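Scroll down for the structure; my scribbles are underneath it.
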Amino acid sequence: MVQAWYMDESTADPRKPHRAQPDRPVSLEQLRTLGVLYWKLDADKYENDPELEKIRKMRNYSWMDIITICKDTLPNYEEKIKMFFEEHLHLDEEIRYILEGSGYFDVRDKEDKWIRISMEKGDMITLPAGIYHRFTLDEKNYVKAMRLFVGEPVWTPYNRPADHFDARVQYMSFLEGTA
Ligand code: NI
């Protein structure tokens, strides 16, 4: 089952797990209060999976592509990696389905504390527009993921502070309505 936790207070080595001590696990239910949704799929079937198709149709994820993040293949790797880990939001959902490898999506909770979400092969996550988040590889330094989008993609991050945007205002308003 998918693992998430509150993070420790170290600012060193972002690819390490950084589990708070004592452990403070976070459930899928708590993640849903933040608008973060999750599905488990068989990643070997990704090119032809009726279960993925059900999700995509339901959620209007009409666009997809495949990205591989690793030292060798990725162009402008060191720069991209730096940017992905800067705390930011998007004006649209961020949807990723992990096909091989793994990494961490960190998201802010309702008290603005960091939760780290460990994503592995078969895990699919959507982070809602307006949520402050960031991404890093873990210590294995490799991920292959499908990126999905509602319509034609815009990837632009807005590094925090990005509080003026309507997407952020609406996300905040969503947060008042959950547990
Ligand atoms: Ni992002």
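Don't worry about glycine lacking a Cβ; one is built from the backbone with ideal geometry, like all the others, and counts go over all protein chains shown. Only the coordinates and a few stated rules stand behind these numbers; no lab work does.
Within straight-line reach of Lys80, meaning a Cα separation under 17 Å, sit the following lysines at least 8 residues removed in sequence or on another chain: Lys71, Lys144.
Neighbour counts of C-beta atoms inside 10 Å place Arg56, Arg116 in the sequence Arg56, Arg116, starting with the fewest. For the chain, a Gaussian network of Cα nodes joined below 10 Å ranks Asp49, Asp123, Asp92 by mean-square fluctuation, and the top entry is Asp49. In order along the stretch 148-156, the phi-based Karplus estimate (6.51 cos²θ - 1.76 cosθ + 1.60, θ = phi - 60°) of 3J(HN,Hα) comes to 10, 8, 7, x, 5, x, 10, 8, 3 Hz; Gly and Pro are listed as x. The HN-Hα couplings worked out from phi for the stretch 21-29 by the Karplus form 6.51 cos²θ - 1.76 cosθ + 1.60 (θ = phi - 60°) are 10, x, 3, 10, x, 10, 8, 4, 4 Hz, whole numbers, x standing for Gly and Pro. Evaluated with a Cβ-only charge set (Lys, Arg +1; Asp, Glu -1), the stretch 20-167 carries a dipole of roughly 160 debye about its Cα centre, given to the nearest 20. Residues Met119, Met58, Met172, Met64, arranged from fewest to most other Cβ atoms within 10 angstrom of their Cβ, appear as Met58, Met172, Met64, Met119. Ordered by the number of other Cβ atoms lying within 10 Å of each residue's own Cβ, fewest first, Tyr77, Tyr171, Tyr132 fall into the sequence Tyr77, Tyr171, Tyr132. Is the shape of the chain rounded, prolate or oblate, going by the alpha carbon gyration tensor and its root eigenvalues a ≥ b ≥ c, with a/c under 1.5 for rounded and a/b larger than b/c for prolate? It is rounded, given that a/c, with a ≥ b ≥ c, falls under 1.5. Taking amide H atoms as placed 1.01 Å from N in the peptide plane, the amide H of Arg19 lies under 5 Å from those of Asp8, each 5 or more residues away in sequence or on another chain.
What the phi angles of the stretch 8-15 give under the Karplus curve with 6.51, -1.76 and 1.60, with θ = phi - 60°, is a coupling list of 6, 9, 6, 9, 8, 6, x, 7 Hz, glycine and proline written as x. With an 8 Å Cα cut-off and a minimum separation of 6 or more residues, compute the relative contact order for the chain in percent. It comes to 30 percent, rounded to a whole number.
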